[PDB]
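In C-alpha cells, one chain follows: the form deposited without the named molecule.
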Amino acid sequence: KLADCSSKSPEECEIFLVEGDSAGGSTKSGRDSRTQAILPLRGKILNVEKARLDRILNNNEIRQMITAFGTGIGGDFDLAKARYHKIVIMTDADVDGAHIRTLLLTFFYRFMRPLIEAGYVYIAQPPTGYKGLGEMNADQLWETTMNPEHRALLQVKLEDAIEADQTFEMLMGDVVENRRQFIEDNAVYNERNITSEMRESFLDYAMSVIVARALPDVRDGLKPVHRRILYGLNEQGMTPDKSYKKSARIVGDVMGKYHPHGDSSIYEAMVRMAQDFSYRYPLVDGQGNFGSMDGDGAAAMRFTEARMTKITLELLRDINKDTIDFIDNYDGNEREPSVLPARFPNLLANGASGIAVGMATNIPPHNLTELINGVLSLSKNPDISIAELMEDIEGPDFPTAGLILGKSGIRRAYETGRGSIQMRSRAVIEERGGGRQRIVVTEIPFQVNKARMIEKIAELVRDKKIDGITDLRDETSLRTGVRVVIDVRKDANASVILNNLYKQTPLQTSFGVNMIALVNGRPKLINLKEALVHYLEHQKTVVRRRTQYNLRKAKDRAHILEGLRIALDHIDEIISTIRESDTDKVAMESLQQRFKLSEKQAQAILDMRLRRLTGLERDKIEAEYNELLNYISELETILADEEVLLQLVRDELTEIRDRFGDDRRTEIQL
C-alpha cells in the first residue's frame, strides 16, 4: 500500500521499496514526504525468471509496483509515464535483503528493462548491524540512507545486454546445475553494473544459505538454528532434571542472543526436535500440543513448554571443557559454539533434510545401536569397506517404523551418497466378520501426513479411481497407536486393492537419499564411511581436548592447594605476616617472599575463610589434593598414548550405546 509523496513532478520524486511495514514505518517517519514515496512489500517477491506468465501478472506485489510506477510492462512500457525518476531498492542489510534485491532486479530487467537503461533504478545502502530498517530510528535512516545531502545511492547500469541476459538466466533460472557451478567456482569461505551486483548479491545469499542455514555439519549433524536452540537450552540450564520452561522465553532468548531471524523459524525448528514421529531420537522434551502426524501444527509458543531430553545432554556433554571452538555471535555481544561435542553420531541417527541454494540434502535417520557398532568397527579397522559397515548398519531406521523394500537402494546410497529407498506402510489384511475383510494400516512411511493420505484414498474411491473399497476410517488413538482401517467389499480381492493402494497413494513412498553436509565448512556429498570417519575424528578431537583441559585445570587447582597446605602447615607465620602488613598488597608480596609462593597462591591464602582452619576443613583440603594428584596421573596416561585415548573414545561410545540404544523399528525386507 503506497505512501505517496505530495509532489507530482516525476523528475524530482523518489519511491523507496522496503521489505515490509516494520521497515516501512521507520522509512515513513524519516522521509521527506514532499518528494519521497514509500512502497512496503511483503518479503520475498515472486521470481519472475521461474514463474508462469499469468501468475506474475496476478501477483499482488508485482501489481502494486506496476501501478505505483505508472509505466506498464513488456510491450506497453511507456517511460514517459513513470511517476518517479528514482526507483530505490532499500531492503534490509542482511543476506535475505540481498536475495530480495536480486528478485526485484530480475523483475525490473525482465519486465521494465527501459527503467534500468534510462538510469532510473538505484540501490540504497543502509548500514550494517541492524536486522531490518524497523530496528533503526527514523532520523538514523534519514541521515545514513535517505537524505539526498549525505546518502550514497548506487545507480544501476546495464553495460552488456547479452551478459546480463545470461547472468539472469544462470542465477535465477530453473537450471540448478548452472547455479550450482557458479557457486562452486566463486565460493569464498558510486555507479553499479547490474551483472556484477546480481552476481555478488546472489552469491552472498547462496553461500549464507549453504554454510549457515540449510545444511547440517557433518560433526554434530546440526543446522545453525538447531545448534543455537540446543545451546540456548544449555545456557539457561534447561536440563531434564529441571522443570519445563515456557517456549516463548526460550525462543526470545535464542533470537536475541544467537539467531537473528523470525520467531516461527526458531519455534517450529524446536517443535520438530520434540516430535517422536519426526526425530528418531528427539532432542527436545515438549510439554503440551507439539503437533501430530496429521499435519496439525504445534500450539502457539505462549502455551507450550520445553526442556532438553536426556540424550541431548550427550550432545552438549563437555562443551565447557574447551572441546569445541566458540565464535563471536552475530553482533559481537555473545559467544556461541561453532559445533557441539556430539557424543553420539547425531547426523546419521537423526538424519536431515534441507533445501539450500544450488543443492539440497536428504539424510535418513538410523538406529543408534547400529551406528555406534559401526563406529566401533571403523575405529578398529581404518580400511573397513562399506559392505563390512553394512553388517553393523542394516539401513535407515525411521521413527515411524514401517518397511523398506529391498537393499540395493540402501547400498547405493551408502556407497555413493545417493540412492532411492522404497518405503511401505505396515499393512495387514484381516477378517471383519460375515465373509468380509479389511486392510489395516498401523505404520506409515516417514514424513507422510496421515490425514492427507487418507483423504487421497477417499478421493480415489469417490472419483472411482480404485475399486473394491467400501469404507475408510482412522481409528488412531493414544491407546491404539496408528490404526487406519480400509474395509473391502465382500468377495473382492483385498490383496489387489492393497497393491493398487501402494501404486496410487503414499502408502508406498520413496526416500531419495542425497547425503550432503558441511565438511570443513564446505558442502560435500559424502558416503556412509566418510560420514562415520568425520564423526569418529570429531570424537577423538573432543576427548583429547577435554583431557587437555581437565589436566590444565587440575594442575592449577593442585597448585592452589599446595599453597593452602603450606599455609595450614605454617599458620602462625601466615597470621603474623598478614597482620603486620599495612595493606593486602604488602601482605601478598610478603607471603610470596616468605613462603616461596606464586601470586595466585598468595591470593588464595588471603582469600581463605577462617572456617577453613577447623579440623574437618583441613582434612578436606588434604583429601582434595591427594585425589587430584591421582586424577592428574590418570589424565597424563591418556595423552601419552594415542591408543589409550582411542580406547577411551570406544568406551564412552559403548556407554552411550548401552544407555540409549534401542531396537530397530523399520523392517528391511528382501
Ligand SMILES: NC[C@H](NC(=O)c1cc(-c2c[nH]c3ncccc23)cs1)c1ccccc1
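When you see a residue number, it is the position in the sequence shown, counting from 1. Rigid core: the largest C-alpha set superposing within 1.5 Å between the two forms.
Undergrad: Can you tell me how many deposited residues have no coordinates between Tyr189 and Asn190? The categories are none, 1 to 3, 4 to 9, and 10 or more.
TA: Per the record, 10 or more deposited residues are absent between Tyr189 and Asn190.
Undergrad: Averaging only over Cα atoms, indicate whether 234-242 or 298-306 has the higher B-factor in the PDB entry.
TA: It is 234-242 that shows the higher mean C-alpha B-factor.
Undergrad: With respect to the recorded C-alpha B factors, which stretch has the higher mean value, 153-161 or 255-263?
TA: Higher of the two, by average CA B-factor, is 153-161.
Undergrad: Among the candidates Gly74, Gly286, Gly419, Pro445, give the one with the maximum CA B-factor reported in the record.
TA: So the option with the highest C-alpha B-factor is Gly74.
Undergrad: Lowest, middle or highest third: where is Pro10 by Cα B-factor in its chain?
TA: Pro10: CA B-factor falls in the highest third of its chain.
Undergrad: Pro341's Cα B-factor: lowest, middle or highest third of the chain?
TA: Answer is lowest: the recorded C-alpha B-factor places it there.
Undergrad: Tell me, lowest, middle or highest third: where does the Cα B factor of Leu610 rank within its chain?
TA: For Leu610, whose C-alpha B-factor we compare with every modelled residue in the chain, the answer is the lowest third.
Undergrad: Determine, from the deposited record, the chain-internal third of the Cα B-factor for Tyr84: lowest, middle or highest.
TA: Top third by C-alpha B-factor.
Undergrad: Just say lowest, middle or highest third for the CA B-factor of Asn626 relative to the other modelled residues in its chain.
TA: According to the entry, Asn626 has a C-alpha B-factor in the chain's middle third.
Although it is not shown, the form deposited with the named molecule bound is what the next lines describe.
Undergrad: Heavy atom to heavy atom, is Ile516 within 4.5 Å of the named molecule in the deposited bound form?
TA: Although the named molecule is absent here, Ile516 would touch it in the deposited bound form, with heavy atoms inside 4.5 Å.
Undergrad: Contact between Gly521 and the named molecule in the deposited bound form at 4.5 Å, heavy atoms?
TA: Yes.
Undergrad: Does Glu184 make contact with the named molecule in the deposited bound form, using a 4.5 Å heavy atom cut-off?
TA: Heavy-atom contact with the named molecule at 4.5 Å: present for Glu184.
Undergrad: Though only this chain appears here, would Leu478 touch the named molecule in the deposited bound form if you measure heavy atom gaps against 4.5 Å?
TA: It does not: once the named molecule is placed as it appears in the deposited bound form, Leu478 has no heavy atom within 4.5 Å of it.
Undergrad: So which of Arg180, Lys540, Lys257, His85 gets a non-hydrogen atom within 4.5 Å of the named molecule in the deposited bound form?
TA: The residue from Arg180, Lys540, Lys257, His85 that makes the contact is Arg180.
Undergrad: Heavy atom within 4.5 Å of the named molecule in the deposited bound form: which of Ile466, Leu525, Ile386, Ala451 fits that? Just give me the one.
TA: Here the answer is residue option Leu525.
Undergrad: Of 167-175, 116-124, 142-150, 204-212, which is the one stretch near the named molecule in the deposited bound form, taking non-hydrogen atoms within 4.5 angstroms as near?
TA: Looking at the other structure, the answer is 204-212.
Undergrad: Please find the residue from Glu143, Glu235, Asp263, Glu305 showing a Cα shift of 2 angstroms or more between this form and the one not shown, rigid core superposed.
TA: Looking at each option in turn, only one qualifies, and it is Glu143.
Undergrad: Comparing between this form and the one not shown on the rigid core: C-alpha of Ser29 shifted by 2 Å or more?
TA: Comparing forms between this form and the one not shown, the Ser29 CA shifts at least 2 Å.
Undergrad: With both forms fit on the core, has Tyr130 moved 2 Å or more by CA between this form and the one not shown?
TA: Shift of 2 Å or more: yes.
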